[PDB]
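A.B. asks: File name work.cif; file contents mmCIF, N, CA, C and O atoms and all ligand atoms; full text below.
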data_upload
#
loop_
_atom_site.label_atom_id
_atom_site.label_comp_id
_atom_site.auth_asym_id
_atom_site.auth_seq_id
_atom_site.Cartn_x
_atom_site.Cartn_y
_atom_site.Cartn_z
N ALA S 1 -9.46 -13.62 -4.82
CA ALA S 1 -8.51 -12.54 -4.58
C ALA S 1 -8.13 -12.48 -3.11
O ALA S 1 -8.81 -13.05 -2.27
N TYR S 2 -7.04 -11.79 -2.80
CA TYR S 2 -6.70 -11.51 -1.41
C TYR S 2 -7.60 -10.43 -0.85
O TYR S 2 -8.00 -9.49 -1.55
N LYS S 3 -7.95 -10.58 0.43
CA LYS S 3 -8.73 -9.58 1.14
C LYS S 3 -7.75 -8.60 1.78
O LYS S 3 -6.94 -8.99 2.64
N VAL S 4 -7.79 -7.36 1.33
CA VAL S 4 -6.89 -6.32 1.80
C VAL S 4 -7.72 -5.37 2.64
O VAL S 4 -8.63 -4.70 2.12
N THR S 5 -7.45 -5.33 3.94
CA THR S 5 -8.16 -4.42 4.83
C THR S 5 -7.39 -3.11 4.88
O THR S 5 -6.29 -3.06 5.43
N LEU S 6 -7.95 -2.06 4.28
CA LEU S 6 -7.32 -0.73 4.28
C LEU S 6 -7.81 0.02 5.51
O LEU S 6 -9.01 0.32 5.64
N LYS S 7 -6.90 0.29 6.44
CA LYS S 7 -7.23 1.03 7.66
C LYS S 7 -6.96 2.50 7.36
O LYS S 7 -5.81 2.95 7.41
N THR S 8 -8.01 3.22 7.00
CA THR S 8 -7.91 4.60 6.53
C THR S 8 -8.31 5.57 7.63
O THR S 8 -8.92 5.20 8.64
N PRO S 9 -8.01 6.86 7.44
CA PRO S 9 -8.52 7.88 8.38
C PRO S 9 -10.03 7.98 8.41
O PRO S 9 -10.56 8.68 9.28
N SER S 10 -10.75 7.31 7.51
CA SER S 10 -12.20 7.35 7.50
C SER S 10 -12.81 5.97 7.74
O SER S 10 -13.96 5.73 7.36
N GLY S 11 -12.07 5.06 8.36
CA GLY S 11 -12.55 3.75 8.73
C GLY S 11 -11.83 2.64 7.98
O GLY S 11 -11.05 2.87 7.05
N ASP S 12 -12.11 1.41 8.40
CA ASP S 12 -11.55 0.23 7.76
C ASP S 12 -12.43 -0.20 6.60
O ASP S 12 -13.65 -0.29 6.74
N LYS S 13 -11.80 -0.49 5.47
CA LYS S 13 -12.53 -0.93 4.29
C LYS S 13 -11.78 -2.09 3.66
O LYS S 13 -10.63 -1.93 3.22
N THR S 14 -12.40 -3.26 3.65
CA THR S 14 -11.80 -4.48 3.14
C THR S 14 -12.22 -4.67 1.70
O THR S 14 -13.42 -4.67 1.39
N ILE S 15 -11.23 -4.77 0.81
CA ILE S 15 -11.47 -4.86 -0.61
C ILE S 15 -10.74 -6.09 -1.12
O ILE S 15 -9.93 -6.68 -0.42
N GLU S 16 -11.09 -6.50 -2.33
CA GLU S 16 -10.43 -7.63 -2.98
C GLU S 16 -9.31 -7.11 -3.86
O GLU S 16 -9.47 -6.10 -4.55
N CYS S 17 -8.15 -7.79 -3.81
CA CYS S 17 -7.01 -7.49 -4.67
C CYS S 17 -6.34 -8.78 -5.14
O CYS S 17 -5.80 -9.52 -4.32
N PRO S 18 -6.35 -9.06 -6.45
CA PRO S 18 -5.62 -10.23 -6.97
C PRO S 18 -4.11 -10.08 -6.78
O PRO S 18 -3.59 -8.97 -6.60
N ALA S 19 -3.41 -11.22 -6.88
CA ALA S 19 -1.96 -11.23 -6.69
C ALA S 19 -1.24 -10.34 -7.69
O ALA S 19 -0.13 -9.86 -7.40
N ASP S 20 -1.84 -10.10 -8.86
CA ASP S 20 -1.19 -9.39 -9.95
C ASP S 20 -1.56 -7.91 -10.00
O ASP S 20 -1.20 -7.23 -10.97
N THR S 21 -2.29 -7.40 -9.01
CA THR S 21 -2.76 -6.02 -8.99
C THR S 21 -2.12 -5.28 -7.82
O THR S 21 -2.00 -5.81 -6.72
N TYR S 22 -1.69 -4.04 -8.08
CA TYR S 22 -1.12 -3.22 -7.01
C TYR S 22 -2.21 -2.77 -6.03
O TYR S 22 -3.36 -2.52 -6.42
N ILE S 23 -1.82 -2.66 -4.76
CA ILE S 23 -2.76 -2.27 -3.70
C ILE S 23 -3.47 -0.97 -4.04
O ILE S 23 -4.70 -0.87 -3.95
N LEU S 24 -2.71 0.04 -4.46
CA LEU S 24 -3.30 1.35 -4.76
C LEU S 24 -4.35 1.23 -5.85
O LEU S 24 -5.43 1.83 -5.76
N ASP S 25 -4.03 0.49 -6.92
CA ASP S 25 -4.96 0.34 -8.04
C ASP S 25 -6.24 -0.36 -7.60
O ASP S 25 -7.35 0.06 -7.97
N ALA S 26 -6.13 -1.45 -6.83
CA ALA S 26 -7.33 -2.10 -6.32
C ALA S 26 -8.16 -1.16 -5.45
O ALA S 26 -9.39 -1.15 -5.53
N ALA S 27 -7.49 -0.36 -4.62
CA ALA S 27 -8.21 0.57 -3.75
C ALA S 27 -8.99 1.58 -4.56
O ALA S 27 -10.17 1.84 -4.28
N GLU S 28 -8.35 2.17 -5.57
CA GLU S 28 -9.06 3.15 -6.38
C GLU S 28 -10.19 2.49 -7.17
O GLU S 28 -11.28 3.08 -7.31
N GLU S 29 -9.97 1.27 -7.67
CA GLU S 29 -11.03 0.53 -8.36
C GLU S 29 -12.25 0.34 -7.46
O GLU S 29 -13.40 0.41 -7.92
N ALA S 30 -12.01 0.10 -6.17
CA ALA S 30 -13.08 -0.12 -5.21
C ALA S 30 -13.75 1.16 -4.73
O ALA S 30 -14.69 1.07 -3.93
N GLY S 31 -13.30 2.33 -5.18
CA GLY S 31 -13.94 3.57 -4.81
C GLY S 31 -13.26 4.34 -3.70
O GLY S 31 -13.78 5.39 -3.29
N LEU S 32 -12.13 3.86 -3.20
CA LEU S 32 -11.36 4.60 -2.23
C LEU S 32 -10.60 5.72 -2.94
O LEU S 32 -10.48 5.74 -4.17
N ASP S 33 -10.07 6.65 -2.16
CA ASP S 33 -9.47 7.86 -2.67
C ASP S 33 -8.17 8.13 -1.91
O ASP S 33 -8.05 9.09 -1.14
N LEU S 34 -7.16 7.24 -2.13
CA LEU S 34 -5.90 7.23 -1.39
C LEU S 34 -4.88 8.16 -2.02
O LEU S 34 -4.94 8.45 -3.22
N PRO S 35 -3.89 8.60 -1.25
CA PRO S 35 -2.90 9.54 -1.78
C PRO S 35 -1.93 8.85 -2.72
O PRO S 35 -1.61 7.66 -2.56
N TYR S 36 -1.46 9.61 -3.71
CA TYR S 36 -0.45 9.15 -4.66
C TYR S 36 0.03 10.35 -5.48
O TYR S 36 -0.61 11.41 -5.51
N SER S 37 1.16 10.17 -6.13
CA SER S 37 1.62 11.14 -7.12
C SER S 37 2.37 10.45 -8.26
O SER S 37 1.80 10.25 -9.33
N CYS S 38 3.64 10.04 -8.01
CA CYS S 38 4.47 9.52 -9.10
C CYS S 38 3.96 8.20 -9.65
O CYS S 38 4.08 7.94 -10.86
N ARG S 39 3.38 7.35 -8.80
CA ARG S 39 2.95 5.99 -9.17
C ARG S 39 4.09 5.15 -9.73
O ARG S 39 3.86 4.21 -10.50
N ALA S 40 5.32 5.47 -9.33
CA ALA S 40 6.50 4.79 -9.88
C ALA S 40 7.39 4.19 -8.80
O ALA S 40 8.46 3.67 -9.12
N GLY S 41 6.98 4.26 -7.53
CA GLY S 41 7.81 3.73 -6.46
C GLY S 41 8.99 4.61 -6.08
O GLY S 41 9.88 4.14 -5.38
N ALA S 42 8.99 5.89 -6.48
CA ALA S 42 10.13 6.78 -6.28
C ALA S 42 9.84 7.96 -5.35
O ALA S 42 10.59 8.95 -5.37
N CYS S 43 8.79 7.88 -4.55
CA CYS S 43 8.45 8.94 -3.59
C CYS S 43 7.75 8.30 -2.40
O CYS S 43 7.78 7.07 -2.22
N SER S 44 7.13 9.11 -1.56
CA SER S 44 6.43 8.58 -0.39
C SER S 44 4.96 8.96 -0.36
O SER S 44 4.30 8.72 0.66
N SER S 45 4.42 9.50 -1.45
CA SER S 45 3.04 10.00 -1.42
C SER S 45 2.05 8.90 -1.05
O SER S 45 1.07 9.15 -0.34
N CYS S 46 2.28 7.69 -1.54
CA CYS S 46 1.35 6.58 -1.40
C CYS S 46 1.70 5.69 -0.21
O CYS S 46 1.21 4.55 -0.13
N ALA S 47 2.54 6.17 0.70
CA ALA S 47 3.03 5.29 1.76
C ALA S 47 1.89 4.77 2.64
O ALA S 47 0.99 5.51 3.04
N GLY S 48 1.96 3.47 2.92
CA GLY S 48 1.13 2.83 3.93
C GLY S 48 2.04 2.09 4.90
O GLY S 48 3.27 2.16 4.81
N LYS S 49 1.40 1.43 5.87
CA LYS S 49 2.14 0.65 6.85
C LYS S 49 1.41 -0.67 7.04
O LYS S 49 0.23 -0.68 7.40
N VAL S 50 2.10 -1.77 6.76
CA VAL S 50 1.51 -3.10 6.82
C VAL S 50 1.41 -3.48 8.29
O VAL S 50 2.42 -3.50 9.00
N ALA S 51 0.19 -3.75 8.76
CA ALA S 51 -0.01 -4.21 10.12
C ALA S 51 -0.05 -5.73 10.24
O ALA S 51 0.25 -6.27 11.31
N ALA S 52 -0.42 -6.42 9.16
CA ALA S 52 -0.53 -7.87 9.15
C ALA S 52 -0.56 -8.29 7.69
O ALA S 52 -0.99 -7.52 6.83
N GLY S 53 -0.12 -9.51 7.43
CA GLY S 53 -0.05 -9.99 6.06
C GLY S 53 1.22 -9.51 5.39
O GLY S 53 2.01 -8.76 5.96
N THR S 54 1.42 -9.98 4.16
CA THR S 54 2.64 -9.70 3.41
C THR S 54 2.34 -9.06 2.06
O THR S 54 1.29 -9.29 1.45
N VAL S 55 3.28 -8.23 1.61
CA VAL S 55 3.24 -7.60 0.30
C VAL S 55 4.57 -7.82 -0.39
O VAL S 55 5.58 -8.15 0.23
N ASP S 56 4.55 -7.66 -1.71
CA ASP S 56 5.75 -7.69 -2.54
C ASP S 56 5.85 -6.32 -3.20
O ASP S 56 5.03 -5.99 -4.06
N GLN S 57 6.83 -5.52 -2.78
CA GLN S 57 7.11 -4.21 -3.36
C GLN S 57 8.54 -4.15 -3.88
O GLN S 57 9.25 -3.15 -3.72
N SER S 58 8.99 -5.25 -4.49
CA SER S 58 10.39 -5.40 -4.86
C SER S 58 10.88 -4.27 -5.76
O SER S 58 12.07 -3.93 -5.73
N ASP S 59 9.99 -3.68 -6.55
CA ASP S 59 10.38 -2.64 -7.50
C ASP S 59 10.41 -1.25 -6.89
O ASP S 59 10.75 -0.28 -7.59
N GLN S 60 10.06 -1.13 -5.62
CA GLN S 60 10.10 0.17 -4.97
C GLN S 60 11.53 0.68 -4.90
O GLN S 60 12.49 -0.09 -4.86
N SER S 61 11.65 2.01 -4.89
CA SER S 61 12.95 2.66 -4.90
C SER S 61 12.84 3.98 -4.14
O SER S 61 13.17 5.05 -4.65
N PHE S 62 12.33 3.92 -2.92
CA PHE S 62 12.35 5.11 -2.07
C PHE S 62 12.55 4.79 -0.59
O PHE S 62 13.27 5.51 0.09
N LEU S 63 11.94 3.71 -0.10
CA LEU S 63 12.06 3.38 1.31
C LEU S 63 13.40 2.70 1.57
O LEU S 63 13.87 1.90 0.76
N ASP S 64 13.98 3.01 2.73
CA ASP S 64 15.21 2.35 3.14
C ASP S 64 14.89 1.05 3.88
O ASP S 64 13.73 0.71 4.14
N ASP S 65 15.95 0.29 4.18
CA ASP S 65 15.78 -1.06 4.72
C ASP S 65 15.03 -1.00 6.05
O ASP S 65 14.18 -1.86 6.33
N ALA S 66 15.34 -0.01 6.88
CA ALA S 66 14.71 0.06 8.19
C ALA S 66 13.24 0.40 8.07
O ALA S 66 12.41 -0.17 8.80
N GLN S 67 12.89 1.32 7.16
CA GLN S 67 11.48 1.66 6.95
C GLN S 67 10.69 0.45 6.49
O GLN S 67 9.58 0.20 6.98
N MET S 68 11.23 -0.33 5.55
CA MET S 68 10.52 -1.53 5.11
C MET S 68 10.46 -2.57 6.22
O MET S 68 9.44 -3.25 6.37
N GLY S 69 11.52 -2.67 7.04
CA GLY S 69 11.48 -3.58 8.16
C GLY S 69 10.45 -3.22 9.20
O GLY S 69 10.03 -4.08 9.97
N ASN S 70 10.03 -1.95 9.24
CA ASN S 70 8.99 -1.48 10.15
C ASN S 70 7.60 -1.53 9.52
O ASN S 70 6.64 -1.05 10.13
N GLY S 71 7.49 -2.11 8.33
CA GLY S 71 6.21 -2.33 7.69
C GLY S 71 5.80 -1.29 6.67
O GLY S 71 4.72 -1.42 6.07
N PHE S 72 6.62 -0.27 6.43
CA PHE S 72 6.20 0.73 5.45
C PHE S 72 6.19 0.16 4.03
O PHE S 72 7.01 -0.69 3.66
N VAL S 73 5.24 0.65 3.24
CA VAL S 73 4.98 0.11 1.91
C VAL S 73 4.58 1.25 0.99
O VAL S 73 3.81 2.14 1.38
N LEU S 74 5.09 1.22 -0.25
CA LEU S 74 4.63 2.13 -1.32
C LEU S 74 3.48 1.43 -2.04
O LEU S 74 3.69 0.54 -2.87
N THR S 75 2.23 1.82 -1.71
CA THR S 75 1.06 1.11 -2.22
C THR S 75 0.95 1.13 -3.75
O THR S 75 0.30 0.25 -4.32
N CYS S 76 1.55 2.12 -4.42
CA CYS S 76 1.48 2.18 -5.89
C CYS S 76 2.26 1.06 -6.59
O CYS S 76 2.01 0.82 -7.78
N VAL S 77 3.21 0.42 -5.91
CA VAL S 77 4.01 -0.65 -6.52
C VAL S 77 4.03 -1.90 -5.65
O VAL S 77 4.93 -2.74 -5.79
N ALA S 78 3.05 -2.06 -4.76
CA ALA S 78 3.01 -3.22 -3.89
C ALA S 78 1.90 -4.18 -4.29
O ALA S 78 0.74 -3.78 -4.38
N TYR S 79 2.25 -5.45 -4.52
CA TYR S 79 1.27 -6.51 -4.70
C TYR S 79 1.03 -7.18 -3.35
O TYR S 79 1.97 -7.36 -2.58
N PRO S 80 -0.20 -7.61 -3.07
CA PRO S 80 -0.41 -8.49 -1.92
C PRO S 80 0.16 -9.88 -2.20
O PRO S 80 0.08 -10.37 -3.32
N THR S 81 0.73 -10.51 -1.16
CA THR S 81 1.05 -11.93 -1.24
C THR S 81 0.29 -12.76 -0.20
O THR S 81 0.53 -13.97 -0.11
N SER S 82 -0.61 -12.14 0.56
CA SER S 82 -1.54 -12.79 1.47
C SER S 82 -2.66 -11.78 1.76
O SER S 82 -2.54 -10.60 1.42
N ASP S 83 -3.75 -12.25 2.37
CA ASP S 83 -4.67 -11.32 3.02
C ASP S 83 -3.85 -10.43 3.95
O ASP S 83 -2.94 -10.90 4.64
N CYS S 84 -4.12 -9.13 3.94
CA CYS S 84 -3.23 -8.22 4.64
C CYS S 84 -4.00 -6.99 5.09
O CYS S 84 -5.09 -6.70 4.58
N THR S 85 -3.44 -6.30 6.06
CA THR S 85 -4.02 -5.09 6.61
C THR S 85 -3.00 -3.98 6.47
O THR S 85 -1.85 -4.12 6.91
N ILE S 86 -3.39 -2.88 5.84
CA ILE S 86 -2.48 -1.79 5.53
C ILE S 86 -3.10 -0.50 6.04
O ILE S 86 -4.21 -0.14 5.63
N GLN S 87 -2.41 0.18 6.95
CA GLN S 87 -2.81 1.52 7.34
C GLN S 87 -2.39 2.50 6.25
O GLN S 87 -1.25 2.49 5.79
N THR S 88 -3.33 3.33 5.81
CA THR S 88 -3.07 4.24 4.69
C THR S 88 -2.70 5.62 5.21
O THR S 88 -2.72 5.88 6.42
N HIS S 89 -2.32 6.51 4.29
CA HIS S 89 -2.03 7.91 4.63
C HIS S 89 -0.87 8.01 5.62
O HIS S 89 -0.89 8.84 6.54
N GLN S 90 0.15 7.17 5.44
CA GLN S 90 1.25 7.03 6.39
C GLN S 90 2.47 7.87 6.07
O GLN S 90 3.46 7.79 6.80
N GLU S 91 2.44 8.69 5.01
CA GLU S 91 3.63 9.46 4.64
C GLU S 91 4.15 10.29 5.81
O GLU S 91 5.37 10.38 6.03
N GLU S 92 3.25 10.90 6.58
CA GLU S 92 3.70 11.78 7.65
C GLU S 92 4.31 11.01 8.81
O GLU S 92 5.00 11.61 9.65
N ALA S 93 4.11 9.69 8.87
CA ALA S 93 4.72 8.86 9.90
C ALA S 93 6.11 8.37 9.52
O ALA S 93 6.78 7.77 10.37
N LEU S 94 6.55 8.61 8.29
CA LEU S 94 7.90 8.20 7.87
C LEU S 94 8.96 9.09 8.49
O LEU S 94 9.25 10.16 7.96
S1 LIG T 101 3.08 7.54 -5.56
FE1 LIG T 101 5.29 7.86 -5.56
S2 LIG T 101 6.00 5.98 -4.72
FE2 LIG T 101 3.86 5.62 -4.89
#
Can you give me the file's structure in the form of structure tokens?

C.D. replies:
Amino acid sequence: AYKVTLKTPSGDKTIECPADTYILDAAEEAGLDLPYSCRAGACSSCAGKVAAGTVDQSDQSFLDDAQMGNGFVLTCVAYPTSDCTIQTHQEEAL
């Protein structure tokens, strides 16, 4: 699996996430407790910010082009495409 380093307000926690699993789902499976609501890519509750590595969030429908260009990601609909580092709890930074 890809190694996803979640940089959370309570420390960095590196978890495994296969290519076919959403970041949020892998995080909750690993025992993390990240924000979410719709789980449909249509809000900002689950927003993170990619610091390194790549994700595929093609089905997202809330972030604009500039926000995605700055690394913002909807973790509920984002797959990893490499080992990656994602700062969590980023909704207030949007
Ligand atoms: S929880 Fe709404 S977009 Fe992820």

A.B. asks: Considering only C-alpha atoms and all ligand atoms, can you say which of S:75, S:4, S:20, S:84 comes closest to ligand LIG 101 (chain T)?

C.D. replies: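 Of S:75, S:4, S:20, S:84, the one nearest ligand LIG 101 (chain T), counting only C-alpha atoms and all ligand atoms, is S:75.
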
A.B. asks: Select from chain S every residue with an atom at most 8 Å from any atom of ligand LIG 101 (chain T), then for each give the shortest pair of atoms and their distance in Å to one decimal, using all atoms listed in the file, rows by chain and rising number, as a tab-separated table.

C.D. replies:
residue	atom	partner	partner_atom	distance
S:35	O	T:LIG101	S1	5.6
S:36	CA	T:LIG101	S1	4.0
S:37	N	T:LIG101	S1	3.3
S:38	N	T:LIG101	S1	3.5
S:39	N	T:LIG101	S1	3.3
S:40	N	T:LIG101	FE1	4.5
S:41	CA	T:LIG101	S2	3.4
S:42	N	T:LIG101	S2	3.5
S:43	O	T:LIG101	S2	3.3
S:44	N	T:LIG101	FE1	4.6
S:45	N	T:LIG101	FE1	4.5
S:46	N	T:LIG101	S1	4.1
S:47	N	T:LIG101	FE2	5.8
S:60	CA	T:LIG101	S2	7.1
S:61	N	T:LIG101	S2	6.9
S:62	N	T:LIG101	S2	6.9
S:63	N	T:LIG101	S2	7.9
S:73	O	T:LIG101	FE2	7.2
S:74	CA	T:LIG101	FE2	5.1
S:75	N	T:LIG101	FE2	5.2
S:76	N	T:LIG101	FE2	4.2
S:77	N	T:LIG101	FE2	5.3
S:78	N	T:LIG101	FE2	7.7

A.B. asks: Could you take the residues named above and write them with N, CA, C and O atoms, as an mmCIF file, in the coordinates of the input?

C.D. replies:
data_model
loop_
_atom_site.group_PDB
_atom_site.id
_atom_site.type_symbol
_atom_site.label_atom_id
_atom_site.label_comp_id
_atom_site.auth_asym_id
_atom_site.auth_seq_id
_atom_site.Cartn_x
_atom_site.Cartn_y
_atom_site.Cartn_z
ATOM 1 N N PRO S 35 -3.890 8.600 -1.250
ATOM 2 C CA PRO S 35 -2.900 9.540 -1.780
ATOM 3 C C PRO S 35 -1.930 8.850 -2.720
ATOM 4 O O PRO S 35 -1.610 7.660 -2.560
ATOM 5 N N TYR S 36 -1.460 9.610 -3.710
ATOM 6 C CA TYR S 36 -0.450 9.150 -4.660
ATOM 7 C C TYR S 36 0.030 10.350 -5.480
ATOM 8 O O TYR S 36 -0.610 11.410 -5.510
ATOM 9 N N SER S 37 1.160 10.170 -6.130
ATOM 10 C CA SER S 37 1.620 11.140 -7.120
ATOM 11 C C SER S 37 2.370 10.450 -8.260
ATOM 12 O O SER S 37 1.800 10.250 -9.330
ATOM 13 N N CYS S 38 3.640 10.040 -8.010
ATOM 14 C CA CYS S 38 4.470 9.520 -9.100
ATOM 15 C C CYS S 38 3.960 8.200 -9.650
ATOM 16 O O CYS S 38 4.080 7.940 -10.860
ATOM 17 N N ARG S 39 3.380 7.350 -8.800
ATOM 18 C CA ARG S 39 2.950 5.990 -9.170
ATOM 19 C C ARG S 39 4.090 5.150 -9.730
ATOM 20 O O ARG S 39 3.860 4.210 -10.500
ATOM 21 N N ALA S 40 5.320 5.470 -9.330
ATOM 22 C CA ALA S 40 6.500 4.790 -9.880
ATOM 23 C C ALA S 40 7.390 4.190 -8.800
ATOM 24 O O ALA S 40 8.460 3.670 -9.120
ATOM 25 N N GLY S 41 6.980 4.260 -7.530
ATOM 26 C CA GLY S 41 7.810 3.730 -6.460
ATOM 27 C C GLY S 41 8.990 4.610 -6.080
ATOM 28 O O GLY S 41 9.880 4.140 -5.380
ATOM 29 N N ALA S 42 8.990 5.890 -6.480
ATOM 30 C CA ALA S 42 10.130 6.780 -6.280
ATOM 31 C C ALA S 42 9.840 7.960 -5.350
ATOM 32 O O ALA S 42 10.590 8.950 -5.370
ATOM 33 N N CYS S 43 8.790 7.880 -4.550
ATOM 34 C CA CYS S 43 8.450 8.940 -3.590
ATOM 35 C C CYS S 43 7.750 8.300 -2.400
ATOM 36 O O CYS S 43 7.780 7.070 -2.220
ATOM 37 N N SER S 44 7.130 9.110 -1.560
ATOM 38 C CA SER S 44 6.430 8.580 -0.390
ATOM 39 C C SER S 44 4.960 8.960 -0.360
ATOM 40 O O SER S 44 4.300 8.720 0.660
ATOM 41 N N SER S 45 4.420 9.500 -1.450
ATOM 42 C CA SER S 45 3.040 10.000 -1.420
ATOM 43 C C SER S 45 2.050 8.900 -1.050
ATOM 44 O O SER S 45 1.070 9.150 -0.340
ATOM 45 N N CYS S 46 2.280 7.690 -1.540
ATOM 46 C CA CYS S 46 1.350 6.580 -1.400
ATOM 47 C C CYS S 46 1.700 5.690 -0.210
ATOM 48 O O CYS S 46 1.210 4.550 -0.130
ATOM 49 N N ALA S 47 2.540 6.170 0.700
ATOM 50 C CA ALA S 47 3.030 5.290 1.760
ATOM 51 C C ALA S 47 1.890 4.770 2.640
ATOM 52 O O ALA S 47 0.990 5.510 3.040
ATOM 53 N N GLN S 60 10.060 -1.130 -5.620
ATOM 54 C CA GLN S 60 10.100 0.170 -4.970
ATOM 55 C C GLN S 60 11.530 0.680 -4.900
ATOM 56 O O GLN S 60 12.490 -0.090 -4.860
ATOM 57 N N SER S 61 11.650 2.010 -4.890
ATOM 58 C CA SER S 61 12.950 2.660 -4.900
ATOM 59 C C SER S 61 12.840 3.980 -4.140
ATOM 60 O O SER S 61 13.170 5.050 -4.650
ATOM 61 N N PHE S 62 12.330 3.920 -2.920
ATOM 62 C CA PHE S 62 12.350 5.110 -2.070
ATOM 63 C C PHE S 62 12.550 4.790 -0.590
ATOM 64 O O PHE S 62 13.270 5.510 0.090
ATOM 65 N N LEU S 63 11.940 3.710 -0.100
ATOM 66 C CA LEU S 63 12.060 3.380 1.310
ATOM 67 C C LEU S 63 13.400 2.700 1.570
ATOM 68 O O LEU S 63 13.870 1.900 0.760
ATOM 69 N N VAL S 73 5.240 0.650 3.240
ATOM 70 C CA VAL S 73 4.980 0.110 1.910
ATOM 71 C C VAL S 73 4.580 1.250 0.990
ATOM 72 O O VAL S 73 3.810 2.140 1.380
ATOM 73 N N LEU S 74 5.090 1.220 -0.250
ATOM 74 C CA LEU S 74 4.630 2.130 -1.320
ATOM 75 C C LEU S 74 3.480 1.430 -2.040
ATOM 76 O O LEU S 74 3.690 0.540 -2.870
ATOM 77 N N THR S 75 2.230 1.820 -1.710
ATOM 78 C CA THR S 75 1.060 1.110 -2.220
ATOM 79 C C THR S 75 0.950 1.130 -3.750
ATOM 80 O O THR S 75 0.300 0.250 -4.320
ATOM 81 N N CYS S 76 1.550 2.120 -4.420
ATOM 82 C CA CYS S 76 1.480 2.180 -5.890
ATOM 83 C C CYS S 76 2.260 1.060 -6.590
ATOM 84 O O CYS S 76 2.010 0.820 -7.780
ATOM 85 N N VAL S 77 3.210 0.420 -5.910
ATOM 86 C CA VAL S 77 4.010 -0.650 -6.520
ATOM 87 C C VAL S 77 4.030 -1.900 -5.650
ATOM 88 O O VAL S 77 4.930 -2.740 -5.790
ATOM 89 N N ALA S 78 3.050 -2.060 -4.760
ATOM 90 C CA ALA S 78 3.010 -3.220 -3.890
ATOM 91 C C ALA S 78 1.900 -4.180 -4.290
ATOM 92 O O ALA S 78 0.740 -3.780 -4.380
#

A.B. asks: Select, from S:49, S:19, S:72, S:7, the residue with the minimum atom-to-atom distance to residue 32 (chain S), counting only C-alpha atoms.

C.D. replies: S:7

A.B. asks: Could you please determine the separation between CA of residue 14 (chain S) and atom N of residue 67 (chain S) in Å, to one decimal place?

C.D. replies: 25.7 Å

A.B. asks: State, in Å with one decimal place, the distance from atom N of residue 23 (chain S) to atom O of residue 80 (chain S).

C.D. replies: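 The value is 8.1 Å.
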